[PDB]
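J.:
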Amino acid sequence: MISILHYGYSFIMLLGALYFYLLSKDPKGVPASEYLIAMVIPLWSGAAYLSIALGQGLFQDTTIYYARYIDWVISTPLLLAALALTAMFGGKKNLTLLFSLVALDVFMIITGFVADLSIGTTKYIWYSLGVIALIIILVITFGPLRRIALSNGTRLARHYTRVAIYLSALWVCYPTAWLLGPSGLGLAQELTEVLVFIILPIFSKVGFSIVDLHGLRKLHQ
Amino acid sequence: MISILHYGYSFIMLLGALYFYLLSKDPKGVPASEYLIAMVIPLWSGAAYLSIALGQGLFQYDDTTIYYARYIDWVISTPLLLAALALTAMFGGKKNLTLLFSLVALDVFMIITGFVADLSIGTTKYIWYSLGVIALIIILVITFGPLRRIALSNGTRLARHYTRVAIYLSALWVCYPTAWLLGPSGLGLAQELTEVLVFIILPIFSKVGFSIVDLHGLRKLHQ
Amino acid sequence: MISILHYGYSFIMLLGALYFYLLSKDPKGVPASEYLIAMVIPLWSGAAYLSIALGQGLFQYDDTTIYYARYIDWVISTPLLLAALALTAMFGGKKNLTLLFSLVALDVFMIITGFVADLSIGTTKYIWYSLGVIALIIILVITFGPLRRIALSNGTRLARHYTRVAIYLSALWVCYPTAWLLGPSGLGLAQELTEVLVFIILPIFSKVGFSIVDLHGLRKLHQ
Ligand SMILES: CCCCCCCC/C=C/CCCCCCCC(=O)O
Ligand SMILES: CCCCCCCC/C=C/CCCCCCCC(=O)O
Ligand SMILES: CCCCCCCC/C=C/CCCCCCCC(=O)O
Numbered sequence: 621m622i623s624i625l626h627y628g629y630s631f632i633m634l635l636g637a638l639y640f641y642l643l644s645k646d647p648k649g650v651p652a653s654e655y656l657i658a659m660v661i662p663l664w665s666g667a668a669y670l671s672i673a674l675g676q677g678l679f680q681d682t683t684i685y686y687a688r689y690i691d692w693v694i695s696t697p698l699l700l701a702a703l704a705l706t707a708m709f710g711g712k713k714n715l716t717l718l719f720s721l722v723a724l725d726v727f728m729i730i731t732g733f734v735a736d737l738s739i740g741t742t743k744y745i746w747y748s749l750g751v752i753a754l755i756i757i758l759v760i761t762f763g764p765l766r767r768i769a770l771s772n773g774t775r776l777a778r779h780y781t782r783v784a785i786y787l788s789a790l791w792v793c794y795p796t797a798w799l800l801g802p803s804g805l806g807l808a809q810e811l812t813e814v815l816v817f818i819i820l821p822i823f824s825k826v827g828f829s830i831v832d833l834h835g836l837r838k839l840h841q
Numbered sequence: 730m731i732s733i734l735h736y737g738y739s740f741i742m743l744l745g746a747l748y749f750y751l752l753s754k755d756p757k758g759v760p761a762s763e764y765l766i767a768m769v770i771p772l773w774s775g776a777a778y779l780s781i782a783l784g785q786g787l788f789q790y791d792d793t794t795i796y797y798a799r800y801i802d803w804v805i806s807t808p809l810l811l812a813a814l815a816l817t818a819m820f821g822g823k824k825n826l827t828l829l830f831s832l833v834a835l836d837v838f839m840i841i842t843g844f845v846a847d848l849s850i851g852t853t854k855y856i857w858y859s860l861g862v863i864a865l866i867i868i869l870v871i872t873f874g875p876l877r878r879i880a881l882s883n884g885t886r887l888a889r890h891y892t893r894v895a896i897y898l899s900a901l902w903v904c905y906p907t908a909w910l911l912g913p914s915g916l917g918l919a920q921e922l923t924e925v926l927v928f929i930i931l932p933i934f935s936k937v938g939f940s941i942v943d944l945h946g947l948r949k950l951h952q
Numbered sequence: 730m731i732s733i734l735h736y737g738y739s740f741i742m743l744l745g746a747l748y749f750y751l752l753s754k755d756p757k758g759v760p761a762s763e764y765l766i767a768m769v770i771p772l773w774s775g776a777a778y779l780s781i782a783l784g785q786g787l788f789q790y791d792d793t794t795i796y797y798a799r800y801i802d803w804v805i806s807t808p809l810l811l812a813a814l815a816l817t818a819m820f821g822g823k824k825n826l827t828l829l830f831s832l833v834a835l836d837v838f839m840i841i842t843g844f845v846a847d848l849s850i851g852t853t854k855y856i857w858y859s860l861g862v863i864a865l866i867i868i869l870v871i872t873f874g875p876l877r878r879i880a881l882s883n884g885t886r887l888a889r890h891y892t893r894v895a896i897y898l899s900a901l902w903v904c905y906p907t908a909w910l911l912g913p914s915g916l917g918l919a920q921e922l923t924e925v926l927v928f929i930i931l932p933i934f935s936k937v938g939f940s941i942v943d944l945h946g947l948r949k950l951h952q
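Just so you know, the protein sequences line up as chains A, B and C, in that order.
Its first residue numbered 621, the first sequence is counted upward by one per residue in my numbering.
Its first residue numbered 730, the second sequence is counted upward by one per residue in my numbering.
Its first residue numbered 730, the third sequence is counted upward by one per residue in my numbering.
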């Protein structure tokens with residue numbers, strides 16, 4: 621079941637990438653860079669999850685799905701870039717604020733991988749550093765980045781706020797599931813955690829980019 | 730023999746880098762970035778192949794030898810080669826960084842699929858191999874499609890030089906997956922020693938040769 | 730003692746990052762990018778050294794201890810330090826990103842050669858070590874040659890500050906390969922505990938100290 625679910629994930633990621641490619645042919649005032657980012661995220665995630673389907677992306681008395689971290693270390697910074705470029709749509713880019721989010725995010729993902737390889741108290745030291753990183757990313761998202769979106773007009777700011785809430789809501793689920801599942805307290809079963817880390821990324825990657833790009837295309841008229 | 734051939738490779742790469750450094754002192758209207766890229770490619774490749782000569786850049790997986798240092802080489806050197814090609818098409822005009830980074834993304838994936846294919850057994854090997862080939866096909870479509878159209882927009886002389894260098898690179902690049910498949914990593918029709926000679930001779934033309942043809946053409950547009 | 734010293738290091742790095750964050754709120758004409766670089770360096774180094782304190786960032790290779798977390802630290806922190814230096818020379822003038830990326834390329838290679846040297850036995854160790862030293866020499870040539878000439882082109886006050894920071898960095902940086910060679914990784918004339926103290930004290934001056942001297946100088950060109 622685990623293998624079949626991961627094949628199904630990869631196929632949906634492929635269809636997502638094709639959809640974003642088609643949209644890019646009629647860009648409706650959205651820069652090509654934003655279409656490219658929306659295509660890379662699902663293609664990279666699909667390839668990583670494919671490695672799990674074929675039984676290569678994990679190792680073993682607990683099973684670590686390391687391919688998830690290889691996915692997230694590329695896909696999550698690109699998602700924060702898409703969010704930041706949304707706030708900055710039609711105005712000056714602030715690359716310092718963008719790269720601050722990339723730096724925080726990559727650290728967050730590495731702390732999670734190390735936490736998964738750790739035993740005892742040490743696991744929860746690393747986990748905690750990752751959570752603090754996520755908190756600061758959320759403060760930036762709803763503080764200075766939202767202020768940039770407001771400075772680009774009410775229509776843009778409204779779309780930014782919607783996409784920020786969408787992403788923020790899905791992102792807090794990852795560390796929660798991690799903690800309740802085998803990697804943490806083990807209150808939830810392996811099969812449960814797998815279903816969560818199949819369904820969340822579908823909404824997190826393909827869903828987010830549909831909502832994000834349609835909103836920006838609608839500002840062309 | 731295998732060790733000595735890799736020492737010889739590294740020494741030729743060093744001489745290549747020194748030659749490009751000298752050329753950079755009299756740049757003849759070619760930006761410094763293009764000289765830097767031409768120097769990094771052979772220096773990085775030389776260091777990787779040196780690790781093979783010293784017997785560090787390989788290990789034994791079941792009954793086969795994996796030359797993993799090749800992948801450490803190619804993951805840096807091949808994206809820089811596609812950048813040099815893209816900057817050639819864009820010479821005297823606006824840079825399109827989105828198209829450049831699309832080629833880098835495709836290329837890095839292509840090289841990773843090859844490394845994983847080399848570590849795989851049975852059908853799984855050929856799934857990864859196949860994904861890498863599709864990546865290479867899309868790179869070739871970009872090279873002869875949108876990137877060639879950018880070269881045309883920068884004038885007849887430049888477009889002619891671009892087309893020559895693109896064919897040169899395209900011809901050498903299709904040899905890598907072919908050799909991979911016929912050698913030990915694939916069907917095993919060719920011996921280890923054969924594959925080694927191929928992955929010594931091809932990179933010399935692919936790295937140092939390509940950059941000589943590429944840079945001399947661009948320097949000739951100054952006069 | 731080794732574990733306690735690494736906790737103390739991480740805590741000092743945290744306080745360094747906080748100080749640079751406060752300074753960034755009243756930037757005094759220094760771009761936000763230079764404050765961000767000064768914050769990333771100590772935070773990344775602190776996290777790496779924390780992994781040593783918890784006993785995860787090292788392993789036993791043959792009969793010696795490799796502190797591999799140091800290399801994970803330096804491969805991110807040292808290129809960012811050379812970037813801060815380069816941006817100091819270029820303060821109030823055109824950025825030369827080709828010269829900046831040349832320093833990053835040299836530096837990353839230098840750090841990788843060190844990691845491979847630490848994993849090597851016999852002559853091979855000293856081949857890799859030597860390639861890293863040559864990289865450091867070329868970085869020093871750039872620092873006191875073309876990069877210092879850019880600083881002079883941005884005026885006497887800036888050039889004076891650049892020269893001070895360049896000497897400060899150059900002085901600390903030559904200590905790393907010296908200590909490496911005298912300690913367990915090399916000839917073994919110095920004890921593990923000695924080497925540890927050196928690779929706790931030097932980075933404090935190398936990271937937090939350098940950025941204090943660097944940023945205060947640039948802020949003073951505003952007053
Ligand atoms: C923690 C893991 C590694 C993270 C490294 C990320 C690098 C951080 C530094 C980036 C510099 C940002 C450059 C921005 C330039 C434009 C400045 C602006 O106009 O805002
Ligand atoms: C498989 C791993 C891939 C990692 C690299 C992914 C890169 C994606 C990001 C693209 C950045 C595009 C730069 C945009 C610059 C706009 C100006 C222009 O295009 O001329
Ligand atoms: C050993 C690993 C090497 C990885 C780093 C690769 C460095 C090569 C890239 C060069 C980019 C050049 C910078 C762009 C030039 C902009 C114009 C300018 O200001 O000079």
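Think of the CB as a built atom: it goes at the ideal place given N, C-alpha and C, for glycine as much as any other residue.
(1) Quick check: the Cα distance between C/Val-903 and C/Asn-883, rounded to an integer number of angstroms?
(2) Please state the DSSP three-state secondary structure of C/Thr-817.
(3) May I ask whether a heavy atom of ligand 2 can be found less than 6 Å away from the beta carbon of B/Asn-825?
(4) My guess is that residue 673 of chain B and B/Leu-832 are in contact by the Cβ rule of under 8 Å, so how many angstroms apart are they, rounded?
(5) At the level of alpha carbons, what is the spacing between B/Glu-924 and B/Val-804?
(6) Report yes or no: do three or more beta-carbon pairs, one from the segment 805–822 of chain B and one from the segment 883–900 of chain B, lie closer than 8 Å?
(7) Is DSSP giving A/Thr-683 helix, strand or coil here?
(8) Starting from A/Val-650, trace the alpha helix (DSSP H) in both directions and tell me its first and last residue.
(9) Within 7 Å (strictly less), CB to CB, does B/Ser-774 reach chain A?
(10) What residue from C/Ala-880, C/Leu-811, C/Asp-847 and C/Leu-826 has the CA that sits closest to C/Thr-793's CA?
(11) Tell me whether the segment 912–920 of chain C and the segment 936–943 of chain C touch, counting them as touching only if at least three CB pairs, one residue from each stretch, are closer than 8 Å.
(12) So, is C/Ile-733 buried or exposed, given that buried needs 16 or more other C-beta atoms within 10 angstroms?
(13) Take A/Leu-634 and list the residues in its own chain whose beta-carbon comes closer than 7 Å to its own, dropping the five residues that flank it on each side.
(14) Which residues share a DSSP beta bridge with B/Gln-789?
(15) Hey, would you say A/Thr-742 sits closer than 7 Å to C/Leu-772, going by beta carbons?
(16) Does ligand 3 have a heavy atom nearer than 6 Å to the CB of C/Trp-803?
(17) Determine whether the Cβ of C/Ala-813 lies closer than 7 Å to any Cβ atom of chain A.
(18) Considering only C-alpha positions, which residue in the set C/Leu-752, C/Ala-767, C/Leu-779 and C/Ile-930 is nearest to C/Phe-740?
(19) Could you check what DSSP says for B/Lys-936 in three-state terms: helix, strand or coil?
(20) Tell whether a beta-carbon distance below 7 Å holds between C/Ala-834 and C/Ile-766.
(21) When the cut-off is 7 Å and only beta carbons count, does B/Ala-834 lie next to chain A?
(22) Taking 7 Å as the threshold (beta carbon to beta carbon), is C/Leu-747 in contact with chain A?
(23) Name the residue from B/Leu-944, B/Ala-761 and B/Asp-791 whose alpha carbon lies nearest to the alpha carbon of B/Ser-849.
(24) Cβ of B/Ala-908 within 6 Å of any heavy atom in ligand 1?
(25) Could you tell me which chain B residues have their CB closer than 9 Å to the CB of C/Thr-853, listed as they occur along the chain?
(26) Closer than 9 Å between beta carbons: that is the criterion. Which residues of the segment 707–721 of chain A meet it against chain C?
(27) Using a C-beta cutoff of 7 Å, does B/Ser-940 count as contacting chain C?
(28) So that I know if they touch, is there some Cβ in chain B lying closer than 7 Å to that of A/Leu-833?
(29) I'd like to check one pair, B/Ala-777 with B/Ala-746: are the Cβ atoms closer than 7 Å?
(30) Any chance the CB of B/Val-837 is under 6 Å from a heavy atom of ligand 2?
(31) Under a Cβ-count criterion, where at least 16 other Cβ atoms within 10 Å of its own Cβ denotes burial, should A/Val-650 be classed as buried or exposed?
(32) Run through DSSP, which three-state label would C/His-945 get?
(33) Alpha carbons only, please: which of B/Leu-922, B/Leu-898, B/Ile-879 and B/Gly-912 is nearest the one belonging to B/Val-942?
(34) For A/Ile-785, which of A/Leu-800, A/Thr-796, A/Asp-691 and A/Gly-763 has the nearest alpha-carbon?
(35) Could you tell me whether any Cβ in chain A is nearer than 7 Å to the Cβ of C/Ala-761?
T.: According to the structure data:
(1) On the third sequence, residue 903 of chain C is found 174 positions in, with the first residue counted as 1. On the third sequence, residue 883 of chain C is found 154 positions in, with the first residue counted as 1. Those two C-alpha atoms are separated by around 28 Å.
(2) Stepping through the third sequence from its first residue, residue 817 of chain C is reached at position 88. Looking at C/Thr-817 - three-state DSSP - the assignment turns out to be helix.
(3) As a first step, residue 825 of chain B is located in the second sequence; it is residue number 96 there, counting from the start. Result yes, Cβ under 6 Å from ligand 2.
(4) This structure gives no information on residue 673 of chain B, because the portion of chain B shown stretches from 730 to 952.
(5) As a first step, residue 924 of chain B must be located in the second sequence, where it is residue number 195. As a first step, residue 804 of chain B must be located in the second sequence, where it is residue number 75. Those two C-alpha atoms are separated by around 19 Å.
(6) yes
(7) Numbered from its first residue, the first sequence carries residue 683 of chain A at position 63. Three-state result, A/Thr-683: coil.
(8) Counting from one through the first sequence, the residue named residue 650 of chain A turns up at place 30. Neither: A/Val-650 is in no alpha helix (DSSP H) and is coded neither H nor E.
(9) Along the second sequence, one-based indexing puts residue 774 of chain B at 45. Taking Cβ atoms only, chain A never reaches closer than 7 Å to B/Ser-774, which makes this a no.
(10) On the third sequence, residue 793 of chain C is found 64 positions in, with the first residue counted as 1. Checked all of C/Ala-880, C/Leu-811, C/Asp-847 and C/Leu-826; the closest Cα to C/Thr-793 is C/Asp-847.
(11) When Cβ pairs closer than 8 Å are counted between the two stretches, the segment 912–920 of chain C is seen not to touch the segment 936–943 of chain C, the count staying below three.
(12) By 1-based counting over the third sequence, the position of residue 733 of chain C is 4. Per the 10 Å Cβ criterion, exposed.
(13) Your numbering for residue 634 of chain A matches position 14 in the first sequence. Excluding sequence positions up to five before and after A/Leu-634, its CB lies within less than 7 Å of the CB of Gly-666, all in the same chain and listed in chain order.
(14) To locate residue 789 of chain B, count along the second sequence from 1; it is residue 60. Its beta-bridge partners are B/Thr-794.
(15) Residue mapping note: residue 742 of chain A aligns to position 122 of the first sequence, counting from 1. Residue mapping note: residue 772 of chain C aligns to position 43 of the third sequence, counting from 1. Cβ distance not < 7 Å, so A/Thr-742 and C/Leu-772 don't count as in contact.
(16) Residue 803 of chain C sits at position 74 when you count from the first residue of the third sequence. Incorrect: C/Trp-803 has no Cβ contact closer than 6 Å to ligand 3.
(17) As a position in the third sequence, residue 813 of chain C is number 84, starting the count at 1. No, C/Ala-813 lies away from the interface with chain A (no Cβ there is under 7 Å from its Cβ).
(18) One-based indexing of the third sequence puts residue 740 of chain C at position 11. Measuring C-alpha to C-alpha distances from C/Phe-740 to each of C/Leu-752, C/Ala-767, C/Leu-779 and C/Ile-930 identifies C/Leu-779 as the nearest.
(19) Within the second sequence, residue 936 of chain B is the residue found at index 207, counting from 1. In the structure shown, B/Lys-936 sits in a helix (DSSP, three-state: H, G or I).
(20) Position 105 of the third sequence, counted from the start, is the residue given in the question as residue 834 of chain C. Position 37 of the third sequence, counted from the start, is the residue given in the question as residue 766 of chain C. No Cβ-Cβ contact shorter than 7 Å links C/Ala-834 with C/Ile-766.
(21) Taking the second sequence and counting its residues from 1, one reaches residue 834 of chain B at position 105. Output row for B/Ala-834: interface = yes.
(22) Along the third sequence, read from residue 1 onward, the residue named residue 747 of chain C stands at position 18. False, the Cβ-Cβ gap to chain A never drops below 7 Å.
(23) The residue given as residue 849 of chain B occupies position 120 in the second sequence. Ranking the options by Cα distance to B/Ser-849, first place goes to B/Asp-791.
(24) For the purposes of this step, residue 908 of chain B is taken as the residue at position 179 of the second sequence. Flag unset: Cβ of B/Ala-908 not near ligand 1.
(25) The residue you call residue 853 of chain C lines up with position 124 of the third sequence. Those are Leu-783, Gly-784 and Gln-785, listed as they occur along chain B.
(26) Residues of the segment 707–721 of chain A whose Cβ lies closer than 9 Å to any Cβ of chain C, in chain order: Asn-714, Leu-715, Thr-716, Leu-717, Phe-719 and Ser-720.
(27) Indexing the second sequence from 1 puts residue 940 of chain B at position 211. Not one chain C Cβ lies under 7 Å of B/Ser-940.
(28) Within the first sequence, numbered from 1, the residue matching residue 833 of chain A stands at position 213. Closer than 7 Å: no.
(29) Position 17 of the second sequence holds residue 746 of chain B. Position 48 of the second sequence holds residue 777 of chain B. For B/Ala-746 and B/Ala-777, no; Cβs fall outside 7 Å.
(30) Indexing the second sequence from 1 puts residue 837 of chain B at position 108. At least one heavy atom of ligand 2 is nearer than 6 Å to the Cβ of B/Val-837, so yes.
(31) Translated into the one-based positions of the first sequence, residue 650 of chain A becomes position 30. A/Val-650 comes out buried.
(32) Within the third sequence, residue 945 of chain C is the residue found at index 216, counting from 1. Secondary structure of C/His-945 (DSSP, three-state): helix.
(33) Along the second sequence, read from residue 1 onward, the residue named residue 942 of chain B stands at position 213. Closest option to B/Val-942, Cα to Cα, is B/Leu-898.
(34) Position 165 of the first sequence, counted from the start, is the residue given in the question as residue 785 of chain A. The shortest C-alpha separation from A/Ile-785 is found at A/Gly-763.
(35) In the third sequence, counting from the first residue as 1, residue 761 of chain C sits at position 32. True, the Cβ-Cβ gap to chain A drops below 7 Å.
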